[PDB]
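**Student:** Got a structure for you, questions after.
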Amino acid sequence: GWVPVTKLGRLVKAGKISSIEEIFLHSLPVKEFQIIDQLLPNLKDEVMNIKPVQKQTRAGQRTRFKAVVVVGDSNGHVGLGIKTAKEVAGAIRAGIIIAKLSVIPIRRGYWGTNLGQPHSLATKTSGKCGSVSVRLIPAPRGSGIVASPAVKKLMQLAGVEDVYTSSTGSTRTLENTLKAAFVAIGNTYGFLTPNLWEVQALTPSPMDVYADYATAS
RNA sequence: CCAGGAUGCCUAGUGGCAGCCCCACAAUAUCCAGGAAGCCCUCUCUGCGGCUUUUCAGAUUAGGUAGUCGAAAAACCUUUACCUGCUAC
């Protein structure tokens, strides 16, 4: 049971978009969820927490469940998904889906000197959500994920192997903290370096190129 | 709770089948505006609700606190107010 809406989805189904890298390059929206799955088979989905959450009513209260989910692998991709529904499993599923939709790349750079493969962040990057500022400072090697538990988990999911944090403001608003972390991660690709001064060609997108295969008949 | 005594226009009425034969409408004042039962009240013929109580309890309820109700001897004519009770795959 597949069947896509979204030109992009159709393209993916056809098999002309190879990896999510291309998508990232052409900042293409992924409203459908299955595409991500197709691209990346190694999605580890981990539920961070579930707040019960209550609207107050003329009689009693409306218990729903704000399930927070973090999704990753070890390649340099993460997703953060928040949903609040009444059935818990359903809510969790929704959260997972959201995370998948989000899934966003991470620029993993070098501590200091290249030598081996990169598993820290490139630059000192930070995020913000409400009153949580998660600041991720790049570590040295072997020094680990120095972070709040949730944050650490997120880092692990991403495939950041070593990193320092400085989570400030009310970190115990766990969801908020997670969001902040995600934002910070995103900011990695966005922070210009002297490595990317050099000018790129601007490639044509798959949406432009494979336009006949995309869209309905 | 009470009633009219008389200075008077009253007026021998006007209406509706006046006709005597019933209906309704028309006669200022009134001088008194006065009498009877009840009348602020205090001792009696010396009443039944107080005085404490001690016994308990009915209970009052979701639980409890403080009061209140019921059966036994001594002068005097409310069953309510208020505290304390519950959470994820």
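Residues are referred to by chain and number: the chain letter is A, B, ... according to the order shown in the structure tokens, the number counts from 1 in that chain, and ligands are numbered separately from 1 in the order shown.
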If the cut-off is 10 Å, can you tell me the residues of chain A near chain B, counting only C-alpha atoms (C1' of nucleotides)? I'd like them as a PDB file with N, CA and C atoms, in the first residue's frame.
**Tutor:**
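Result saved to selection32.pdb:
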ATOM      1  N   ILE A  50       6.607  11.462  27.207  1.00  0.00           N
ATOM      2  CA  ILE A  50       5.191  11.678  26.932  1.00  0.00           C
ATOM      3  C   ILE A  50       4.573  12.396  28.133  1.00  0.00           C
ATOM      4  N   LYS A  51       4.261  13.681  27.961  1.00  0.00           N
ATOM      5  CA  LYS A  51       3.478  14.424  28.949  1.00  0.00           C
ATOM      6  C   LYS A  51       2.017  14.067  28.740  1.00  0.00           C
ATOM      7  N   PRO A  52       1.291  13.755  29.828  1.00  0.00           N
ATOM      8  CA  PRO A  52      -0.162  13.877  29.763  1.00  0.00           C
ATOM      9  C   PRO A  52      -0.530  15.356  29.832  1.00  0.00           C
ATOM     10  N   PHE A  65      -1.876  13.185  25.043  1.00  0.00           N
ATOM     11  CA  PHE A  65      -0.505  12.755  25.340  1.00  0.00           C
ATOM     12  C   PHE A  65       0.545  13.308  24.378  1.00  0.00           C
ATOM     13  N   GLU A  87      -5.079   8.511  22.062  1.00  0.00           N
ATOM     14  CA  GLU A  87      -4.530   7.147  22.034  1.00  0.00           C
ATOM     15  C   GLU A  87      -3.010   7.270  22.013  1.00  0.00           C
ATOM     16  N   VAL A  88      -2.325   6.524  22.879  1.00  0.00           N
ATOM     17  CA  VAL A  88      -0.916   6.818  23.152  1.00  0.00           C
ATOM     18  C   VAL A  88      -0.046   6.336  21.996  1.00  0.00           C
ATOM     19  N   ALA A  89      -0.306   5.098  21.591  1.00  0.00           N
ATOM     20  CA  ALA A  89       0.420   4.448  20.501  1.00  0.00           C
ATOM     21  C   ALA A  89       0.292   5.271  19.219  1.00  0.00           C
ATOM     22  N   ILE A  92       2.269   8.416  19.367  1.00  0.00           N
ATOM     23  CA  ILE A  92       3.678   8.067  19.185  1.00  0.00           C
ATOM     24  C   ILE A  92       3.996   7.933  17.695  1.00  0.00           C
TER      25      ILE A  92
END
**Student:** Can you check which residues of stretch 161-196 of chain A DSSP gives as strand (DSSP E or B) on the backbone and send them as a PDB file with C-alpha atoms, in the first residue's frame?
**Tutor:**
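Below is the file out24.pdb, written as the result:
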ATOM      1  CA  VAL A 163      30.422  17.096  21.521  1.00  0.00           C
ATOM      2  CA  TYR A 164      30.203  19.630  24.389  1.00  0.00           C
ATOM      3  CA  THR A 165      26.919  21.360  25.328  1.00  0.00           C
ATOM      4  CA  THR A 168      20.738  27.153  29.584  1.00  0.00           C
ATOM      5  CA  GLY A 169      17.369  28.472  30.693  1.00  0.00           C
TER       6      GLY A 169
END
**Student:** Which residue gives the smallest distance to residue A:183 among A:153, A:64, A:135, A:26, with only C-alpha atoms counted?
**Tutor:**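 The answer is A:135, which sits nearest to residue A:183.
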**Student:** As an exercise, work out the distance from atom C1' of residue B:78 to atom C1' of residue B:58 in Å and give it to one decimal place.
**Tutor:**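 Taking atom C1' of residue B:78 as the start and atom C1' of residue B:58 as the end point, the length is 14.2 Å.
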**Student:** Please report as CSV every residue of stretch 141-162 of chain A lying within 9 Å of stretch 67-82 of chain A, along with the nearest atom pair and their distance in Å (one decimal), using only C-alpha atoms.
**Tutor:**
residue,atom,partner,partner_atom,distance
A:153,CA,A:70,CA,8.3
A:154,CA,A:70,CA,6.5
A:155,CA,A:78,CA,8.6
A:156,CA,A:74,CA,7.2
A:157,CA,A:72,CA,4.4
A:158,CA,A:76,CA,4.9
A:159,CA,A:74,CA,3.8
A:160,CA,A:76,CA,7.1
A:161,CA,A:74,CA,8.9
**Student:** Based on the selection just made, write N, CA, C and O atoms of those residues as an mmCIF file, in the first residue's frame.
**Tutor:**
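Output (again07.cif):
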data_model
loop_
_atom_site.group_PDB
_atom_site.id
_atom_site.type_symbol
_atom_site.label_atom_id
_atom_site.label_comp_id
_atom_site.auth_asym_id
_atom_site.auth_seq_id
_atom_site.Cartn_x
_atom_site.Cartn_y
_atom_site.Cartn_z
ATOM 1 N N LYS A 153 21.138 11.714 23.704
ATOM 2 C CA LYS A 153 20.427 10.730 22.889
ATOM 3 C C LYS A 153 20.287 11.240 21.455
ATOM 4 O O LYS A 153 20.545 10.510 20.488
ATOM 5 N N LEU A 154 19.874 12.499 21.360
ATOM 6 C CA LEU A 154 19.675 13.175 20.080
ATOM 7 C C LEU A 154 20.977 13.170 19.274
ATOM 8 O O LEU A 154 20.992 12.858 18.075
ATOM 9 N N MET A 155 22.052 13.522 19.973
ATOM 10 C CA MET A 155 23.389 13.584 19.388
ATOM 11 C C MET A 155 23.779 12.217 18.822
ATOM 12 O O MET A 155 24.283 12.111 17.695
ATOM 13 N N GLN A 156 23.525 11.193 19.630
ATOM 14 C CA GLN A 156 23.814 9.803 19.272
ATOM 15 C C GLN A 156 23.081 9.427 17.987
ATOM 16 O O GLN A 156 23.662 8.834 17.067
ATOM 17 N N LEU A 157 21.802 9.792 17.963
ATOM 18 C CA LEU A 157 20.929 9.520 16.825
ATOM 19 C C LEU A 157 21.486 10.165 15.560
ATOM 20 O O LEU A 157 21.548 9.535 14.498
ATOM 21 N N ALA A 158 21.897 11.419 15.714
ATOM 22 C CA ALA A 158 22.506 12.204 14.629
ATOM 23 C C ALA A 158 23.721 11.486 14.061
ATOM 24 O O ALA A 158 23.868 11.383 12.841
ATOM 25 N N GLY A 159 24.562 10.939 14.932
ATOM 26 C CA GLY A 159 25.846 10.366 14.523
ATOM 27 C C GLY A 159 27.010 11.270 14.887
ATOM 28 O O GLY A 159 28.146 11.029 14.465
ATOM 29 N N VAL A 160 26.723 12.322 15.657
ATOM 30 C CA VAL A 160 27.752 13.083 16.349
ATOM 31 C C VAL A 160 28.270 12.149 17.430
ATOM 32 O O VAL A 160 27.492 11.650 18.242
ATOM 33 N N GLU A 161 29.572 11.897 17.411
ATOM 34 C CA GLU A 161 30.211 10.971 18.342
ATOM 35 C C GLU A 161 30.760 11.702 19.557
ATOM 36 O O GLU A 161 30.674 11.177 20.669
#
**Student:** List the spatial neighbours of stretch 15-32 of chain B as a PyMOL selection string - criterion: any atom at most 12 Å away, only C-alpha atoms (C1' of nucleotides), same-chain residues fewer than 6 positions off excluded.
**Tutor:** chain B and resi 3-9
**Student:** Excluding residue B:59 and its own-chain neighbours fewer than 5 positions away, which residues fall within 12 Å of it when counting only C-alpha atoms (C1' of nucleotides)? Please give them as a PyMOL selection string.
**Tutor:** chain B and resi 68-70+79
**Student:** Output N, CA and C atoms (P, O5', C5', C4', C3', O3' and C1' of nucleotides) of each residue in that selection to a file, as a PDB file, in the first residue's frame.
**Tutor:**
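again-v2.pdb was written with the following content:
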ATOM      1  P     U B  68     -24.838  22.485  72.680  1.00  0.00           P
ATOM      2  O5'   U B  68     -25.845  21.944  71.573  1.00  0.00           O
ATOM      3  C5'   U B  68     -26.917  22.747  71.108  1.00  0.00           C
ATOM      4  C4'   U B  68     -27.770  22.013  70.102  1.00  0.00           C
ATOM      5  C3'   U B  68     -28.601  20.855  70.643  1.00  0.00           C
ATOM      6  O3'   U B  68     -29.840  21.279  71.187  1.00  0.00           O
ATOM      7  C1'   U B  68     -27.392  20.121  68.761  1.00  0.00           C
ATOM      8  P     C B  69     -30.545  20.440  72.362  1.00  0.00           P
ATOM      9  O5'   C B  69     -31.132  19.156  71.625  1.00  0.00           O
ATOM     10  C5'   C B  69     -32.194  19.271  70.689  1.00  0.00           C
ATOM     11  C4'   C B  69     -32.593  17.924  70.135  1.00  0.00           C
ATOM     12  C3'   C B  69     -32.973  16.863  71.167  1.00  0.00           C
ATOM     13  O3'   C B  69     -34.337  16.940  71.557  1.00  0.00           O
ATOM     14  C1'   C B  69     -31.366  15.969  69.692  1.00  0.00           C
ATOM     15  P     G B  70     -34.764  16.698  73.089  1.00  0.00           P
ATOM     16  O5'   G B  70     -34.670  15.119  73.277  1.00  0.00           O
ATOM     17  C5'   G B  70     -35.573  14.247  72.611  1.00  0.00           C
ATOM     18  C4'   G B  70     -35.260  12.803  72.908  1.00  0.00           C
ATOM     19  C3'   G B  70     -35.248  12.412  74.387  1.00  0.00           C
ATOM     20  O3'   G B  70     -36.544  12.081  74.874  1.00  0.00           O
ATOM     21  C1'   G B  70     -33.261  11.654  73.352  1.00  0.00           C
ATOM     22  P     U B  79     -33.344  19.805  65.038  1.00  0.00           P
ATOM     23  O5'   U B  79     -33.441  18.910  63.723  1.00  0.00           O
ATOM     24  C5'   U B  79     -32.895  19.380  62.471  1.00  0.00           C
ATOM     25  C4'   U B  79     -31.415  19.672  62.598  1.00  0.00           C
ATOM     26  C3'   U B  79     -30.555  19.251  61.409  1.00  0.00           C
ATOM     27  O3'   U B  79     -30.129  20.407  60.692  1.00  0.00           O
ATOM     28  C1'   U B  79     -29.570  18.598  63.522  1.00  0.00           C
TER      29        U B  79
END
